[PDB]
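A short write-up of the structure that comes next.
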RNA sequence: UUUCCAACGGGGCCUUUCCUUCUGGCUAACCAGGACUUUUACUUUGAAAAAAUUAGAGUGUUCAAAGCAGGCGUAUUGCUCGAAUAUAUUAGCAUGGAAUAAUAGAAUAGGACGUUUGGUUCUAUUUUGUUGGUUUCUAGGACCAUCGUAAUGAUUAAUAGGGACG
RNA sequence: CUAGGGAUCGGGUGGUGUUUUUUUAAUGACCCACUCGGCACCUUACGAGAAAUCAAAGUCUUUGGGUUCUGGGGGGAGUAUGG
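Protein chains in written order, with PDB author numbering: chain H, 4 to 99, 110 to 144, 147 to 176, 181 to 187; chain N, 2 to 151; chain W, 2 to 130; chain b, 2 to 82; chain L, 2 to 156.
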């Protein structure tokens, strides 16, 4: 949980899985220049039924623009070392002395709404009332590469702080 | 429901749910921003910019893949227009009507068609004095509604 | 113009129920109308409803069982004291032992008897059955 | 209408019925990524174009603008999506 | 206008009974009596460090603050050392359960310590009667223009 | 009242639900102390609303309309009940309530989290030695040189309008 | 918002779509469908109205989407008077 490629914002669990934190500055010519600047704040494991923990990796905001070009590859490269545990990269957004309007308290987790998955976007909320209780919200897609199979932990991820029935 | 026209109309630009660049367009935001900056230094009105080079270079809009809208673009460049895009071309309509007003004197609908354009320029000058993008000392006038476009 | 979206609500459901539907598509809609209809579902005059969303106003679909005979906005949205809600009962309600005017107030939105229970009285919204 | 939610209708019944009247809004027209007969460079003109495309190699006007959608000069290779 | 060395009137404006000591001349060089206005008012720093006199200033002169305090917006500063505010309110009628827009003009004396503009927001307090119309005196200027000093130099 | 099954309430707290900072009584229960997660419109609880009118105990004025009057033994030299409350919006004065309508912050980031640092207005409860010309470190505000800070500001593009072009 | 329609006209599309002929569906125009604009029609009237009738002269005693101007029995009288 120690070593190298962060700017030293530590948590007590970084290195038991993460050769990407130690030795992908060694197996990369230019992902060397990509992973080495990046930070992440903290790591929470969250139990979903089956002894199945999701790791809420608190990546900051300035590590999403080029990180989208490696999130297609890295979410299964910790599925190559530890299994029946899961990696989900979350970002942190402003709650809105003097406070503005734009990204207030639910628009905080409106960009923590699409960012369970990538890259197929959204189609809209479908919120049920007496079955604001179960809160349907759907997507439309072009492809399926991290939607439609790991979503049944993502159901338990979101609605405490795009609910996961999607007809392709 | 139209003002000043008494008709019904739908001139459509509708937008579906998804916000970000969905499926196929492979450029970064910097590429389309520098494309719009290339377009902006050509020195034309933002209507003429969009109508050509949203249509000839695969640009979707100037807000979805770009992020900064066009009048925000030009004010970060030093080429922000005097009176932005629409009040100018409504003064251009006033130019056309007032130059036809003295081709022939008794074109009586031209007296009626200037009033509607003049009224909409009054509303636009008043709204642009509201949010303080027009300076509130100058007032729109017919003695400046034919020497300010051409 | 839809000066009151809450008015060009249930008038639409008048034109659905009097014309005999089971649903209607309400667009626009607000949290005014959303909590209005949550209050109506809590009373169960109308049945289940769902808010579906766009990146525009939004739509609501209602699945009642008929018991919505008439609703209506009581615009302009008069401001009422505690004793004066009971004036507004006997003007425009069927009988004493049922029927609800509802209210927006600084305690949110609730009918005039929950106003009598939770001991305020605020601005009018409509009458519902 | 009797008993079906309007997430659950016959789907494509209102799909061509003037985009915004549908259950949500979805635009009518389409994108094309096509290449000219003068460069074989992918020149994305919009389907309902309003601009007469000068070629990127030649000066040939490779489309003529019309209402509805525009009228291209022949020699443009099409493919799907 | 008044040209501090403020004695453009026929009679020397001064603080009454305050006595600039002429025999002893030493490191004092400022004998200016000022009072708190009461009620938690920050005194204006012109009044501490000014040469004007204004008998009816609530910070330097022989008036007092009592009873009422009133908000509003300025209008018509074309008098001298006084403004007029106008307060809008909604009269009530129970025939129709409805309201009615009305306004009232209050002619209120203003200090030279504050400097105002037609359209600001004032807070005034009641005083002893000053003239026929005036029973008030300007005591707080909550100008809410919006910082247009260099706002036109915009990105 | 021992009390098994569910139901109506708000609170202590919690699943980013800040519910704050401020420390002597102190080892936040609550009392001084610096800012509120903005100000009006609205409403809720007090207070002011003269007595006489209007509503009502109780009183066999013989019922009453009235009236606030009066009842009881060994009448042995006395005993003893009263003369309520309801009401009266705006305006005015106090506090929450947290919708509605209003007013908009942070488009310069010449701004906040700045727990930061040269420098500016400073400074005497002071300790100075008793009291006043000559001083600092120094308690308590602001910014330029100046960058460290968390999640740094663009609520929509309307089956509402205004442009362009076809 | 609802009926229910075969056409219209102003636009947009082309069916292994039918013929003169650009070459089966080109110029144009068609059967079958589909869209918004203008002009109309007639049905059962759910709703009305006193009634002729009205898809709005509706969703008003189950009375409140927003806003403007008029009427209070007949006359005398749109008369006098004044602006």
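Quick reminder that beta carbons are idealized off the backbone N, C-alpha and C, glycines included.
Asked	Found
Bridge partners for residue 112 of chain W per DSSP, in chain order?	W/103
In chain W, what lies closer than 8 Å to residue 141 of chain N by C-beta?	Residues of chain W passing the Cβ test: none, with the nearest at roughly 27 Å.
Skipping 5 residues on each side, what residues in its chain have a beta carbon closer than 6 Å to that of residue 11 of chain W?	72
Under 7 Å between beta-carbons, which chain N residues line up against residue 50 of chain b? List them in chain order, please.	56
Which residues does DSSP list as the beta-bridge partners of residue 108 of chain L?	L/85
Whole-angstrom Cβ separation of residue 47 of chain L and residue 114 of chain L, contact assumed at under 8 Å?	4 Å
Please say whether residue 170 of chain H and residue 182 of chain H have beta carbons closer to each other than 8 Å?	yes
So, using beta-carbon positions, are residue 24 of chain H and residue 17 of chain H closer together than 8 Å?	yes
In whole angstroms, what separates the C-alpha of residue 5 of chain H from that of residue 14 of chain H?	8 Å
Could you compute how far the alpha carbon of residue 30 of chain N sits from the alpha carbon of residue 68 of chain N?	8 Å
Which residues, in chain order, does the segment 26-56 of chain W contribute to contact with chain H at a C-beta distance below 7 Å?	39, 42, 49, 50, 51, 52, 53, 54 and 55
Between the segment 73-85 of chain W and the segment 27-42 of chain W, can you find at least three pairs of beta-carbon atoms closer than 8 Å?	no
Give every residue of the same chain whose Cβ lies closer than 6 Å to the Cβ of residue 5 of chain L, excluding the five residues on either side of it in the sequence, and list them in chain order.	52
Measure from the alpha carbon of residue 143 of chain N to the alpha carbon of each residue in N/119, N/4 and N/137, then state which is nearest.	N/119
Listed from N- to C-terminal order along the chain, which residues in the segment 20-54 of chain b have their beta-carbon within a distance smaller than 7 Å of any beta-carbon of chain N?	20, 21, 25, 26, 27, 28, 45, 46, 47, 50, 51, 52 and 54
Should residue 83 of chain L and residue 125 of chain L be called a contact, given that it needs their Cβ atoms to be closer than 8 Å?	no
Would you kindly report the start and end of the unbroken alpha helix (DSSP H) that includes residue 99 of chain H?	Residue 99 of chain H -> no alpha helix (DSSP H), and no H or E assigned at all.
Do you know offhand how far residue 35 of chain N's Cα is from residue 18 of chain N's?	27 Å
Any C-beta of chain W sitting closer than 8 Å to the C-beta of residue 63 of chain b?	no
Go through its chain and collect everything with a Cβ distance to residue 57 of chain b's Cβ below 6 Å, but skip five positions before and after it.	40 and 42
Scan the segment 116-137 of chain H for residues whose Cβ lies nearer than 8 Å to a Cβ of chain W and list them as they occur along the chain.	137
Excluding sequence positions up to five away, which residues of its chain have a Cβ less than 7 Å from the Cβ of residue 69 of chain H?	37
Cutting at 7 Å between CB atoms, please list the residues of its own chain near residue 58 of chain W, excluding the five before and the five after it.	28, 29 and 30
First and last residue of the beta strand (DSSP E) that includes residue 23 of chain b?	Neither: residue 23 of chain b is in no beta strand (DSSP E) and is coded neither H nor E.
Secondary structure at residue 73 of chain b, three-state DSSP: helix, strand or coil?	strand
Going by DSSP, name the residue or residues bridged to residue 64 of chain b.	b/73
Quick one: does the C-beta of residue 29 of chain b sit closer than 7 Å to a heavy atom of the ligand NAP?	The model depicted lacks the ligand NAP and carries no ligand whatsoever.
In chain H, which residues lie less than 9 Å from residue 73 of chain N when you measure between Cβ atoms?	The contacting residues do not exist; residue 73 of chain N stays about 15 Å from chain H at best.
Give the residues from the segment 152-171 of chain H that approach chain W closer than 8 Å (Cβ to any Cβ), ordered along the chain.	152
Just verifying my parser: in three-state terms, what is the DSSP assignment at residue 107 of chain H?	The residue list of chain H ends a segment at 99 and starts the next at 110, so residue 107 of chain H has no coordinates to report.
Return helix, strand or coil for residue 58 of chain H, following the three-state DSSP convention.	strand
So residue 131 of chain H and residue 74 of chain H are in contact, right, with Cβ under 8 Å, and what is the actual spacing, rounded?	6 Å
Quick one: give me the first and last residue of the alpha helix (DSSP H) that residue 113 of chain N is part of.	109-131
For chain b, check one thing: does any of its Cβ atoms lie closer than 8 Å to the Cβ of residue 62 of chain W?	yes
Are the segment 47-66 of chain N and the segment 48-64 of chain b touching, with three or more C-beta to C-beta distances below 8 Å?	yes
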